[PDB]
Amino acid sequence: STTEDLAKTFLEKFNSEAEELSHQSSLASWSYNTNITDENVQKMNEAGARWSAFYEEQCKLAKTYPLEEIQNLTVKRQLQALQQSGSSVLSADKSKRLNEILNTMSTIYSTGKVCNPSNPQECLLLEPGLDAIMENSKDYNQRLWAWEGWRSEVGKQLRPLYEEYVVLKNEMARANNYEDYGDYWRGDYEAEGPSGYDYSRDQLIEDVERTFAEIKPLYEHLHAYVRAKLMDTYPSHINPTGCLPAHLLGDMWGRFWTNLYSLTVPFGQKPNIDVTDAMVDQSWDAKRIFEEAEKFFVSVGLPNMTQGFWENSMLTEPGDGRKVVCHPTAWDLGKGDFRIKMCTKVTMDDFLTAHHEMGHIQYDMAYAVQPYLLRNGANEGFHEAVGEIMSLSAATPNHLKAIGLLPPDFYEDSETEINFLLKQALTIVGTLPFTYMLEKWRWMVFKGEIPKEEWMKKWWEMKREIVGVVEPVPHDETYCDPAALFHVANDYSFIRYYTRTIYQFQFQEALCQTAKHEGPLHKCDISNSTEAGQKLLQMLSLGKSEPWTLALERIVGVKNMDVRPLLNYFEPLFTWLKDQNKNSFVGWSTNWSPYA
């Protein structure tokens, strides 16, 4: 008996029904995604309905095997995965209240209109109207009414729904042994693996806070340099020693500072490296782009793309009347079926994302040797980090010279390097305080440390302090500005954008050290380093069969997050920013307001 041995037989049977049932769901999902059709929606819905049906039956079967009786960690980790359902424990009357609220929040966000006070005929959605204003407008007042209007119209409607959402989500989490819903979300990082590879859910708060304190000095200098440049655009509204107003940061929420590049570029006389003209010059097509990506992974010792990858993928928008929504995705349908769905164009962007999506594919191929339930990234942040580091090596001048998109005589200016690092910091470094503060607010709200009379009082107190961002208009407790973001309104965890940012530079630095790359980390190119590939494969092949701490240690040597690789990546920019800010206030005072 030894129920493990009984559970191995159950898992032996499960791995055949599950692996191919999940395949039918992918095929039906692929049919809709590559051919949008009323009929194809039904097949995808019904195939997924079958797959979700089976899976929840098997969970019951797997729950008749005491997890405290199994010695194989692999068998344990497989049985472990079949559990952990969610809102099923919630009562029937409370269950439909929750999914009522969720669909209400999702809809009023996606359909919410905001009307310009100067023109009542001008009422714009978020996409494409309000997004266009926040990403491109340089007028202070035009940005203000879109920012306030979005948080007033859709934000206030979400406020009472979110108060009920927090209460309901907490009760389901408490009925799952979790402290709160934030504690439930941190379960995606819990590891109970061997020896000192274990990772508690409470550790995530400490390790995120510890890492962010080491990122704060770099962010402050980026914050000060951006602030000093924004003075030349909004002189009447920018305090040189105060927080940046929220509605001037390049999007609706300040999540990314990417769109401040034009106003904040170090050397505007130097254009960014763009090999798009070269790619059209050499008459590249979509097939050539992925062939070059395949060569890049072959150069580091990784396998080629499968024959079915070329035959079955969608590497180009269909010209035969099939309607698809062009969104880059890399598919792992199972049973040896790997595909990429991209409307590839001949641009440097799609050249880079092709390496990113094929980076997803290489991860999927590597852990196919694992059982079905363990075929995933080590945690939720591993996959996107793996894809991102492929774009880093691909975009380097070192790689582009070897590929033939740059002249072998190419001269890269130090000014162009700083221009590139600054643009990276706006997206990468700018989002870190935004991501950390947002999830910290939600964590404390679920933890009950922020009373509902203080939701919008804390939110801007944390936004001023942690992010250095101040609201342009005072907001009472009728607002819900966190809910005015997609991820908060659509019941999605947000700390992944913080962890995978740290993971990717930990990955890249370790791979570049293995490749013995001399020089700044941001210039490293892991191409033609088979040694880097094996160290990468040591983690890719693991999948989710080991704790993410152990999988992290296999590639980078340490079993936890570390931001020094990130700071090492931005070190040339850090010294440049410090010189530029030696006559500017570095930091911010949380007392000043634009409405003071």
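One-based numbering along the sequence shown.
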*Pick between 44-52 and 530-538: the one whose mean CA B-factor in the entry is higher.*
44-52
*So 364-372 or 473-481, which one's hotter by mean CA B-factor in the entry?*
473-481
_Candidate set 520, 397, 193, 308 [ranked by C-alpha B-factor, highest]_ = 193
_Out of 218, 230, 89, 428, highest CA B-factor residue_ = 89
*Third assignment of residue 222 from its chain's C-alpha B-factors*: lowest
_Quick check for you: using the entry's CA B-factors within this chain, is residue 96 in the lowest, middle or highest third?_
highest
*Modelled-residue ranking by C-alpha temperature factor, third containing residue 491*: middle
*By its CA B factor, does residue 37 count among the lowest, middle or highest third of the modelled residues in the chain?*
highest
*Lowest, middle or highest third of the chain for the C-alpha temperature factor of residue 505?*
lowest
